Structure formats: C-alpha cells, structure tokens
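Down below is the structure, laid out as structure tokens.
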There are 2 protein chains.
Amino acid sequence: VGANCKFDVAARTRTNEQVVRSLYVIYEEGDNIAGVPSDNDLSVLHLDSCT
Amino acid sequence: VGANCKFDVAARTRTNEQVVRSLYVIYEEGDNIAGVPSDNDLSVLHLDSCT
C-alpha cells in the first residue's frame, strides 16, 4: 500500500534465478537525501581533463 | 509472486460473466515444450496446395 514501485527479491542459483519476494519503495524526487558509496566533503572536482 | 502474467478465471451465467479467481503463469520463450491438441510424429506437411 502507498508504494510507488517495487523491487524484485530473487535467489540466484548455479543455473537459474527465481523471484521469491517483493520490496516496496516510497520515494519523492528532490535533493535533500543522497545515496553515497560509503561513509566519509562530497564535492570533488577535476579540472582541465576528461572526467 | 514471480509470475509473468495471470489468466482470469470467470463464471459464465445465462446473462453475464463474472471474474472470481486468478491463475498465474510463469513461462519462458523457447521450443522444448509444445502444447498439442491431443496425445498421438507431429511433422505433417501438405505440398502443392494451399494450407
């Protein structure tokens, strides 16, 4: 209920991959919360080169 | 869960037709399993005529 979308929880074996559960997501577009690769300034800028 | 699609199980009366259940289908495209009209060589070929 109230979910915008759902993920597919699956079990991957040596031969196949079977979906067993659902994980529902409620999200709102914005910029207050950011997903980061890991815990640490997030502002890194490389200049005068391809990036 | 895990179903690609679902059929609609319905009861047909003399006046209307009402859906009461759902039958879910998990399928994979291929050629190993074939649905046949009845139990029996499935290769029949008519030549030199419209078919």
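Chain labels follow the order of the structure tokens: the first chain is A, the next B, and so on; residue numbering restarts at 1 in every chain, and ligands are counted from 1 in their shown order.
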
Residues of chain A within 10 Å of chain B, counting only C-alpha atoms, as a ChimeraX atom specification: /A:8-10,18-22

How would the residues just picked look written out with N, CA and C atoms as an mmCIF file, in the first residue's frame?
```
data_model
loop_
_atom_site.group_PDB
_atom_site.id
_atom_site.type_symbol
_atom_site.label_atom_id
_atom_site.label_comp_id
_atom_site.auth_asym_id
_atom_site.auth_seq_id
_atom_site.Cartn_x
_atom_site.Cartn_y
_atom_site.Cartn_z
ATOM 1 N N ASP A 8 12.451 -6.512 -6.956
ATOM 2 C CA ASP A 8 12.253 -7.956 -7.041
ATOM 3 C C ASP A 8 13.365 -8.653 -6.267
ATOM 4 N N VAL A 9 13.017 -9.261 -5.140
ATOM 5 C CA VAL A 9 13.983 -10.048 -4.382
ATOM 6 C C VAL A 9 14.046 -11.438 -5.001
ATOM 7 N N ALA A 10 15.246 -11.866 -5.383
ATOM 8 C CA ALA A 10 15.422 -13.125 -6.083
ATOM 9 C C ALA A 10 16.562 -13.914 -5.460
ATOM 10 N N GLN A 18 15.403 -17.082 -9.400
ATOM 11 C CA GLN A 18 13.965 -17.133 -9.164
ATOM 12 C C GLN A 18 13.539 -16.050 -8.183
ATOM 13 N N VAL A 19 12.489 -15.315 -8.533
ATOM 14 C CA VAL A 19 11.961 -14.260 -7.673
ATOM 15 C C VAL A 19 11.111 -14.886 -6.574
ATOM 16 N N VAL A 20 11.329 -14.451 -5.334
ATOM 17 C CA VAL A 20 10.617 -15.010 -4.193
ATOM 18 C C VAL A 20 9.876 -13.967 -3.368
ATOM 19 N N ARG A 21 10.279 -12.698 -3.387
ATOM 20 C CA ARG A 21 9.655 -11.685 -2.548
ATOM 21 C C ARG A 21 9.599 -10.361 -3.296
ATOM 22 N N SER A 22 8.968 -9.375 -2.661
ATOM 23 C CA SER A 22 8.863 -8.025 -3.195
ATOM 24 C C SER A 22 9.213 -7.028 -2.101
#
```

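Atom CA of residue A:28 lies 14.3 Å from atom CA of residue A:6.
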
Which of chain A DSSP labels strand (DSSP E or B), written as a PyMOL selection string: chain A and resi 5-12+17-25
